[PDB]
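Structure record follows, encoded as structure tokens.
Quick reminder, even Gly has a Cβ in these numbers, built from the backbone with ideal geometry, and neighbours come from all protein chains shown. Quick note: the coordinates plus some simple rules give every number you see, no bench work behind them.
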Amino acid sequence: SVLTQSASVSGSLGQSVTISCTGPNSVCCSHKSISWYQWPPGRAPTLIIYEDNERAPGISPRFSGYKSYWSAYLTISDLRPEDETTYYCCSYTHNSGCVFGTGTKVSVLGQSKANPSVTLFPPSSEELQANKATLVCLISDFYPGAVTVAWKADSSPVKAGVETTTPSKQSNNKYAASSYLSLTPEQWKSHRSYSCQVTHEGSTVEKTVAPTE
Amino acid sequence: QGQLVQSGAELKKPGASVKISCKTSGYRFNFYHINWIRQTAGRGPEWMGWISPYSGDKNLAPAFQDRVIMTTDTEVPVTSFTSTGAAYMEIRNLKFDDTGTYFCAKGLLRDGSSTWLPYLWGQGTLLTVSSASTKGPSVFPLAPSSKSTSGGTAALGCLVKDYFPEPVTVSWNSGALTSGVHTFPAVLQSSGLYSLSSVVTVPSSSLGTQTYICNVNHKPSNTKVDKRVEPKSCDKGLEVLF
Amino acid sequence: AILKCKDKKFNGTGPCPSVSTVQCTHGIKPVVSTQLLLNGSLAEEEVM
Amino acid sequence: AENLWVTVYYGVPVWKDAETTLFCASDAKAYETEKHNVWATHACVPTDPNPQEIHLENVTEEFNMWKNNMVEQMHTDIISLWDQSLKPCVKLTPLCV
Amino acid sequence: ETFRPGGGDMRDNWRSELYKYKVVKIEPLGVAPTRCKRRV
Amino acid sequence: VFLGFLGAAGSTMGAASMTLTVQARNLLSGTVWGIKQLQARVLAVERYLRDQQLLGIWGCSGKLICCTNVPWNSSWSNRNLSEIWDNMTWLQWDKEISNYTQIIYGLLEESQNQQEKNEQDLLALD
Amino acid sequence: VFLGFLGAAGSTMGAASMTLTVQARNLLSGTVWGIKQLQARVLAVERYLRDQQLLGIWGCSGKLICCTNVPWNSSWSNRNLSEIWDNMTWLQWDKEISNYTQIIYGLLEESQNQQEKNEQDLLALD
Ligand SMILES: *[C@@H]1O[C@H](CO)[C@@H](O[C@@H]2O[C@H](CO)[C@@H](O[C@@H]3O[C@H](CO[C@H]4O[C@H](CO[C@H]5O[C@H](CO)[C@@H](O)[C@H](O)[C@@H]5O)[C@@H](O)[C@H](O[C@H]5O[C@H](CO)[C@@H](O)[C@H](O)[C@@H]5O)[C@@H]4O)[C@@H](O)[C@H](O[C@H]4O[C@H](CO)[C@@H](O)[C@H](O)[C@@H]4O)[C@@H]3O)[C@H](O)[C@H]2NC(C)=O)[C@H](O)[C@H]1NC(C)=O
Ligand SMILES: *[C@@H]1O[C@H](CO)[C@@H](O[C@@H]2O[C@H](CO)[C@@H](O[C@@H]3O[C@H](CO)[C@@H](O)[C@H](O)[C@@H]3O)[C@H](O)[C@H]2NC(C)=O)[C@H](O)[C@H]1NC(C)=O
Ligand SMILES: *[C@@H]1O[C@H](CO)[C@@H](O[C@@H]2O[C@H](CO)[C@@H](O)[C@H](O)[C@H]2NC(C)=O)[C@H](O)[C@H]1NC(C)=O
Ligand SMILES: *[C@@H]1O[C@H](CO)[C@@H](O)[C@H](O)[C@H]1NC(C)=O
Ligand SMILES: *[C@@H]1O[C@H](CO)[C@@H](O)[C@H](O)[C@H]1NC(C)=O
Ligand SMILES: *[C@@H]1O[C@H](CO)[C@@H](O)[C@H](O)[C@H]1NC(C)=O
Ligand SMILES: *[C@@H]1O[C@H](CO)[C@@H](O)[C@H](O)[C@H]1NC(C)=O
Ligand SMILES: *[C@@H]1O[C@H](CO)[C@@H](O)[C@H](O)[C@H]1NC(C)=O
């Protein structure tokens, strides 16, 4: 994109945070208007600021805008846990259309830690008559959203059929994920147990199911 | 202060066309523009264009200047200040980079320097461009597990494995059980098929006082599956409570 | 003022898309009759 | 500045449904029909030679032909019209022989 | 369904011509806010 | 452009404010059945002078537009400047403030020109 | 405080001058036997415009209060400023000046705005 924002910016709770949004003179900012949108991944965006410094209807006064001759800014005072998301800006006029920026991922610091809730599910009886075997490793309620998943076959590393999804933000201002291990019906009945290790901030949690029982 | 509803997600092969609708209600359809904005995982958010139902004037981006057609129906009056309408858009010459979510948005004001500005948005319609055919999902019941022995809580659900394309909606008891329901995103396998999981946290004391029926819906294949999740668990850490 | 509904299809009740205002209505002849309406205003397109 | 202030506007397009006393109008050629005042047209106002009809763009107003008062007014007009036209007429009281 | 000719009430005869008209009153007095203040 | 009487009825308040001198012009317009129009045209001038009296007792007199020294209470449908004149019609606007119309009128006739003009009598004697 | 219509009738002129916007408000108020009120409400607006015409041809137009460039003749009941506004009611006052009311009216419509406005036409051309 021709409109460049800040890659990443942070801010503590009860404090403020500034997001940059600049680019060439052809898009910013002389004789140009700047708007802002709260756009959560996978959800519908919400108009916050329109016409440089005017707030959209129903928008809390915690948001404020400011445009210079070379760049525009967005200050979010009194940070909330539900403000940790992606924010896009738009350069437009009365005639021309919208030219969105690169995007800004805002991380809210000063938040409380949250231990992840892991639950491992064994292959169902209907899948054993197919016959297949799929281990389901669900991860939820962890902050920040950055975890790694490793699998082991009877206390022995697994490098085949290992896949893990990207951490997705929930509705309770927390993150979630899911990992899956593709195995053969023979390996399920040849191993004493299977585990699902999840590492987060040095601390590694692990859940284990056993086909032997 | 209204509502924008679009059509369901469709699957189209590259080279073909697709028509996404957008029905409105709760306001005057002709008093505001209808913007169309898409978002891919390679080009980011992109504004395609808008159209004024009053006049019929259109303004497309140079990128969509030669393969996108926008049409709107006439306004159907409900009250003196509100009405119902529908806006369409037709994108031709589909490619692999056209895969993403497409939104339709209502204008902000009637007059001023920001009349066409997207204010009210719809729910969006997912568009997948692939040569792969539609494959039905395989729903498997998830045996209840122990979440808290001292708390007396548990967790059961269903397993949607191997389906194409996205998305898949899962409800419980025809939309009766919504509390404690956690639906996780799917995984992109090496074969190109997706697979997600749904689980609802419920107390262990509930057995013969509530029926657990997970409702998995896959419209692209026109198939619905209603699985009866067995309340009898196999977790040894939960069997103590029973 | 007197408002006038100018849509070709209107059952006399409900919201009107094309509304116009006038000071005086058109020439309405007070023809007293029953069963058969005589010398009245013709409808537009399909009969109403 | 940022704090707003009220301002009185006179001549704004604002109307509400109501009922009033309507008067008549019937061309100028209709008055030339004379014949000692036929029907009603006696002291009726001549119709404007060039009537104006303003199309209210973007306006959607709800009508109700079954709850319209112009009918109840017209009906009471034609009835009263009938009585006034028979007042100076010959009474056939001694025709019941 | 069977349909038969009716009438009686002559008020119906006027409704066939007054269906496209209705009476409204003009209220030109409207107040509205703006960043405008008078003198002292 | 001249849309005519009640022309900008479906237009925004800001746009309809240009057509104020049009609805004001056609507002006055210059044996039984003849008394039908008499009693009607008598009510016509009474309706006119009624609004003119209010327009006079307020800080206006001069028609069309005039400002006043009354702060806009937020309880009277808190909208923004650009959300009223560029996103709302006079018909749609009068529907919301209808609840507070009688209240605002009192703050114009009583609080203003009764306290403002009396204030001027003190300022004009010196 | 709002005593209502004709409230400060027994109050001093200075005190009753605060109730001017009250008597002015209820002054216009918005087959036989029905013609009884018609001929009455017609005289009502004629009585209103009559005073409004006098109020207009004088150096006033703007209602309630206005000043004029006419010296108060001592022959018109020579009272002091504090003896009029703080020791006399409007009813009691109108009883004395009633003899010179018609005289004063002539000095307002003729001597002023006919000579004042014409004077302004000479001052506005330069
Ligand atoms: C009834 O209701 C309707 C709907 O509510 C309402 O219509 C709205 O009216 C308002 C004005 O009151 C409109 O708001 C304005 O819109 C102006 C139009 O934008 C211009 O730019 C368009 C895009 O041009 C690009 O694309 C073309 C390719 O298509 C390309 O060639 C160009 O080079 C350029 O890249 C252009 O298409 C458009 O042209 C239309 O209009 C002209 C007349 O001007 C007409 O001849 C054409 O045929 C075509 O229909 C137009 O030129 C916009 O400029 C304007 O912004 C200026 O004005 C505001 C003040 O209003 C200033 O503050 C600002 O700084 C700018 O100077 C403003 O945004 C709105 O768009 C209408 N539509 C809606 C809301 O959907 C009616 O007015 C109502 N009528 C009544 C009687 O009530
Ligand atoms: C009975 O119905 C017939 C319809 O078949 C009536 O004849 C039509 O009368 C109308 C006028 O009321 C004519 O409309 C005129 O058209 C010309 C064409 O330019 C236009 O310039 C005029 O201003 C007017 O609109 C119409 O032409 C005519 N139809 C035909 C075929 O000539 C007839 O008048 C009705 N009789 C009544 C109501 O007593
Ligand atoms: C006159 O036509 C209107 C259409 O504008 C009818 O209104 C609709 O009526 C149907 C059922 O008859 C309802 O389902 C719709 O919801 C109505 N629409 C609106 C906007 O109200 C109306 O019913 C018709 N009247 C008669 C007597 O047939
Ligand atoms: C209202 O509009 C003004 C424009 O002058 C803007 O500064 C202000 O932030 C807006 N307020 C809200 C609540 O939208
Ligand atoms: C504004 O309205 C509120 C009612 O919500 C009222 O309590 C308040 O007194 C009003 N403001 C003034 C200045 O009267
Ligand atoms: C005005 O008041 C009535 C009841 O007094 C209420 O029903 C209505 O919603 C109010 N108007 C608005 C715009 O809220
Ligand atoms: C004042 O009144 C007296 C009558 O007592 C009269 O003679 C005199 O001319 C008046 N003054 C003026 C300036 O006219
Ligand atoms: C007014 O004049 C009459 C006679 O013209 C006289 O009797 C009366 O006393 C005068 N008024 C006053 C207050 O003197």
Compactness of chain C - radius of gyration and Dmax, Cα, Å
12.7, 33
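Taking 4 °C and 1.567 mPa s as the conditions, I'd like the Stokes-Einstein D for chain F in µm²/s, using the Kirkwood hydrodynamic radius from alpha carbon pairs. It would help to have the intermediate numbers written out before the result.
Details: Rh = 17.5 Å.
Answer from the Stokes-Einstein relation: 74 µm²/s.
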Provide the convex hull volume over Cα atoms per residue for region A:79-156, in Å³.
219
Expected integer from the mean partner chain Cβ neighbour count at 10 Å over B:115-125 is 4
Under 8 Å for C-alpha pairs, at least 6 residues apart: give me the relative contact order for region B:187-242, rounded to a whole percent.
24
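What does the net charge come to around D:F63 if you take all other residues with beta carbon closer than 9 Å to its beta carbon, with K and R at +1 and D and E at -1? Mind dumping the intermediate values first?
Values: positive: E:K20, E:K22; negative: D:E61, D:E62.
Net of charged neighbours comes to 0.
Among the listed pairs B:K161/B:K219; E:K22/G:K63; A:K67/B:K58, give every one whose C-alpha distance is greater than 27 Å. Provide the component values of the computation, followed by the final result.
Numbers: B:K161/B:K219 16 Å; E:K22/G:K63 38 Å; A:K67/B:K58 29 Å.
Violating the 27 Å limit, Cα to Cα: E:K22/G:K63; A:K67/B:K58.
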Give me the distance between the Cα centres of region B:45-63 and region A:18-97, rounded to whole Å.
21
With the convex hull built on the Cα atoms of region B:11-105, state its orientation-averaged projected area in nm².
6.3
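Translational diffusion coefficient, Stokes-Einstein: compute it for region A:111-211 using the Kirkwood radius over C-alpha pairs as Rh, at 37 °C and 0.692 mPa s, and state it as an integer in µm² s⁻¹. Before the final figure, lay out each step's value.
Details: Rh = 14.2 Å.
Approximately 231 µm²/s, per Stokes-Einstein.
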State the dimensionless ratio Rg/Rh of region A:1-110 (Rg: radius of gyration of Cα atoms; Rh: Kirkwood radius).
0.94
Taking chain C and a Cβ-Cβ threshold of 4.7 Å, the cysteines left without a partner are C:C24
I'd like the FRET efficiency for A:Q187 and B:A176, computed as 1/(1 + (r/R0)^6) with the beta carbon distance as r and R0 of 51 Å, rounded to 0.05.
0.80
Order of F:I103, A:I49 under a 10 Å beta carbon neighbour criterion, fewest first:
F:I103, A:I49
So how tilted is helix D:69-84 from the main axis of chain D? Cα-based, degrees 0 to 90, rounded to 10.
20
Nearby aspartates and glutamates by direct alpha-carbon distance to A:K32 (threshold 14 angstrom, same-chain neighbours under 8 apart not counted)
A:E51, A:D52
C-alpha center-to-center spacing [region G:39-77, region F:1-68] in angstrom:
25
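Can you pull a Stokes-Einstein diffusion coefficient for region B:132-242 at 37 °C (0.692 mPa s), Rh from Kirkwood over Cα pairs, as a whole number of µm²/s?
222
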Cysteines (scope chain B) whose Cβ has no counterpart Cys Cβ under 4.7 Å:
B:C234
Gap separating the Cα centres of region G:98-112 and region D:3-34, nearest whole Å
41
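Let me check against my output: what whole-number percent is the relative contact order of chain D, with C-alpha pairs under 8 Å and at least 6 apart? The partial results should precede the final answer.
Details: 24 pairs, mean separation 22.8, N = 97.
Across chain D, relative contact order equals 23 percent.
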Antiparallel as a % of all DSSP beta bridges within the protein assembly as shown, to the nearest 5?
95
Using only the alpha carbon atoms of chain D, find the Kirkwood hydrodynamic radius as the inverse mean reciprocal pair distance, in angstroms to one decimal.
19.0
Which of A:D154, A:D83, A:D52 ends up with the largest GNM mean-square fluctuation for chain A, with Cα atoms connected below 10 Å?
A:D154
With Rh as the Kirkwood radius over Cα pairs, the protein assembly as shown has Rg/Rh of 1.11
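Quick check: convex hull over the Cα atoms of chain A, volume per residue in Å³, rounded to an integer?
On the way: hull volume 34.8 nm³, N = 213.
So the per-residue Cα hull volume is 163 Å³.
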Give the cross-link partners of B:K19 among the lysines, using a straight C-alpha distance below 16 Å as the criterion and excluding same-chain residues fewer than 8 apart.
B:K95
Take every Cα pair under 8 Å in chain A that's 6+ residues apart, average their separations, divide by the length, and report that relative contact order as a whole percent.
17
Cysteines in chain G that, by Cβ-Cβ distance, have no pairing candidate under 4.7 Å:
G:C67
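For a quick protection proxy, order the peptides C:34-45, A:19-30, B:193-204 by their average other-Cβ count within 10 Å, most packed first. Display every interim value, and only then the final one.
On the way: C:34-45: 10.7, A:19-30: 16.8, B:193-204: 21.2.
Ranked from most to least packed, the peptides come out as B:193-204, A:19-30, C:34-45.
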Checking the cross-link filter: which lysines have an alpha carbon closer than 20 Å to that of D:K87, excluding same-chain neighbours under 8 positions apart?
D:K35, F:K36
Against the empirical 2.2 N^0.38 Å scaling, what ratio does the C-alpha Rg of chain B come to?
1.27
